[PDB]
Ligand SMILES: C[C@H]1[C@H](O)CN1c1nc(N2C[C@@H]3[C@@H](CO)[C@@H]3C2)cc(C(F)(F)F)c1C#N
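A single chain, nothing else alongside it, follows as C-alpha cells in the form deposited without the named molecule.
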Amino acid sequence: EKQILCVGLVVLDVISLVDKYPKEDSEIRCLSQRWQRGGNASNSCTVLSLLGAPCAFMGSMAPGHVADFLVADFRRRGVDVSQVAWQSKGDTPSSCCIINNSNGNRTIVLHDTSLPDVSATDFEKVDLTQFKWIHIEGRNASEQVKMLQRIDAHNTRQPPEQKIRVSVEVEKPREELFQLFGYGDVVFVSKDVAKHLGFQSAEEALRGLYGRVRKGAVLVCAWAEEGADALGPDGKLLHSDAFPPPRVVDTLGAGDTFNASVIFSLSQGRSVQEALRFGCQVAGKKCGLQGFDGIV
C-alpha cells in the first residue's frame, strides 16, 4: 500500500510543567515533563500514523543523541524515515520548553545549528512510485518549487488513477513562500500568515488568496475557534465549526493535526466538506489531550 510523504522540519522538544517560573540559580521539581518529537511535517506523520495511514517523513537531520531519540520515536509509531537527508555536521534541532502552571507562559531555549534544508537535489533521489500523496512544509521556496515541478512532471506520464496528489502549507509570514501557492492540489494557509497579510477572517483570506493557486486547486485556511474554511474551483465557500474540547489543555500541534486529518480524509476519497469537518473534529480532540496519543 502506497504511503503519504511529508517533507519538513523535525525537532526534539523537552517540555516541562512548573508551578512558578524558576528564579536563576535554583533547583525545583516538576509537576510533569515529557519528551516530544515535533515540527510540522513531523507531527503530521504522527497523526497520519495514528489514523492508520502508512506515511514517510523526509527532512534534515544530523547524527547524534537527538537524532537517535527522534528516529526511535518515528520507528515505534511506524513512520518511515528512509528518505531523510542526513547531514555531515551540526545537531538535529532540540529545545527545552518551560510551561507555567497558571500563567500559561512558555519560555523556550532553542538549539538549532541551521542544518541545510532538504534541497531539490536531495528530492531528485527520492523514488516517487511509493507515494500517493506528498505534502510540503513551505520553507526554502525556490528549491521546493523545483520539487513540486518534479512531481508535476511525474504525474504527466501517469494515468489519472495513479497521479500523485500534492498539498502545500504556507505557515510562516515570508514573501518568498508566495510562489508555493501556484503548486499543489491542496494549499493550507495559516491564520497567522492570513492576519499578517491584513486579512481579518478565514473568509476574506480565501477570497483574497485564491487567485494565486493553480487551476482546479483547493485553498484551505483553519482559524482555530472559528472553525476552518475552504474554497474550491467552483467558488462555493465551505465551512466547519470548531469542536472545542471541555478544556483546552495543549495546543502544540493542533494545526498540524488539522492538516494531516484533512489530508487523510481526502486521501480516503472523501469530499472537501467532509475533510474540513474531519480536520476540525480531530484537531479539537487533540486540544483536550497532552500530545497526540488519545486522538484515536
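The first residue of the sequence shown is number 1, and the count goes up from there. Only the largest set of C-alpha atoms that superpose within 1.5 Å between the two forms is called the rigid core.
The PDB entry records a higher mean C-alpha B factor for 169-177 than for its counterpart among 169-177 and 205-213.
Judged by mean Cα B factor in the deposited record, 94-102 ranks above the other of 94-102 and 81-89. As recorded in the PDB entry, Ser32 shows the highest C-alpha B-factor of the residues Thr46, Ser271, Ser32, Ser240.
Annotation for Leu197: CA B-factor lies in the highest third of the chain's modelled residues. In the PDB entry, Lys125 places in the middle third of its chain by CA B-factor. Placement of the Cα temperature factor of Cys6 within the chain: middle third of the modelled residues, per the deposited record. Looking at the C-alpha B-factors along this chain, the one for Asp68 belongs to the lowest third. Compared with the other modelled residues of the chain, the Cα B-factor recorded for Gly138 ranks in the middle third.
The protein also exists as the form solved in complex with the named molecule; that form is not presented, and the subsequent description refers to it.
Contact annotation for the candidate site: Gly8, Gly59 and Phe74 all lie away from the named molecule in the deposited bound form (no heavy atom within 4.5 Å). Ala228 is the sole member of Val47, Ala228, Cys55, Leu231 with a non-hydrogen atom lying within 4.5 angstroms of the named molecule in the deposited bound form.
Put simply, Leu238 is far from the named molecule in the deposited bound form: not one heavy atom of it is within 4.5 Å.
Taking the partner from elsewhere, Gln33 is found to have every heavy atom lying beyond 4.5 Å of the named molecule in the deposited bound form.
Using a 4.5 angstroms threshold between heavy atoms, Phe258 counts as touching the named molecule in the deposited bound form. Taking non-hydrogen atoms only, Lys89 never approaches the named molecule to within 4.5 angstroms in the deposited bound form. Considering the named molecule in the deposited bound form, the lone stretch of 217-225, 146-154, 122-130, 178-186 in range is 217-225 [heavy atom distance within 4.5 Å].
Taking the named molecule as it sits in the deposited bound form, the stretch 235-264 comes within 4.5 angstroms of it through a non-hydrogen atom at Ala242, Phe243, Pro244, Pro245, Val248, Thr251, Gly253, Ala254, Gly255, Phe258. Relative to the superposed rigid core, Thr121 undergoes a CA displacement smaller than 2 Å between this form and the one not shown. The Cα shift for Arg29 between this form and the one not shown, taken after rigid core superposition, is 2 angstroms or larger.
Superposition of the core reveals a Cα shift of less than 2 Å for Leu197 between this form and the one not shown.
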